[PDB]
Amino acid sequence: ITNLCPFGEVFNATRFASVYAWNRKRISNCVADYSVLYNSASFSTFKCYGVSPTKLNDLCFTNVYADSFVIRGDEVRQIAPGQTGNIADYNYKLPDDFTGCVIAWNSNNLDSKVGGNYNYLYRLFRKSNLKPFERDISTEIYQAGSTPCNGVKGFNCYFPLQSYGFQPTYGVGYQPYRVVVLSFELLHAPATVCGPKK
């Protein structure tokens, strides 16, 4: 607990990661002012589990984690405990006992292109579901059958990543959304991230 935690770096970053390669910022030894988050009206999703956001300035934690990525709007519902889908199963999984906040806002003006933004990708094939907070960035050919693929595309041998190709669509559910997930860790250790009141 010393200087202020750099939340604006996470939220106002020029570029966001692909969901399959989601970014994580580890926040330690600072004073965290969450008022800039829960007093803003720009967010379309703001859901906290195990904690109320209006109390965050009065709480202390061992560490805080800020995960950021981009997904489709109709996929934001999958960033929640117990959910399923391509994002939750193969790209970014929250734990059942999650303590934190999920914050998402429409980023069509930033991440959409008339010709499509193909810099943003998601994992489409995987042998098994991701464990909570697991990151998988491999590009190995997915083996759909029992025949080894030998790193070559073909029948039952598919590239595992697929691009969103974000465009300025008509339905908001198809547009890109930027997501920040705040995780509040509590261990048997001194607290290093505290709200200004503490």
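Residue numbers here begin at 1 and follow the sequence given.
Remark: stretch with higher mean C-alpha B factor among 188-196 and 1-9 is 1-9. Of the two segments examined, 31-39 and 47-55, it is 31-39 that shows the higher average Cα temperature factor in the deposited entry. Residues shown: 151, 173, 168, 165. Highest C-alpha temperature factor in the entry: 151. Which of 127, 123, 72, 93 has the largest Cα B-factor in the deposited entry comes down to 127.
Sort the chain's modelled residues by C-alpha temperature factor and residue 144 lands in the highest third, per the entry. Looking at the C-alpha B-factors along this chain, the one for residue 25 belongs to the lowest third. Residue 156: CA B factor lies in the highest third for its chain, per the PDB record. Compared with the other modelled residues of the chain, the Cα B-factor recorded for residue 62 ranks in the middle third.
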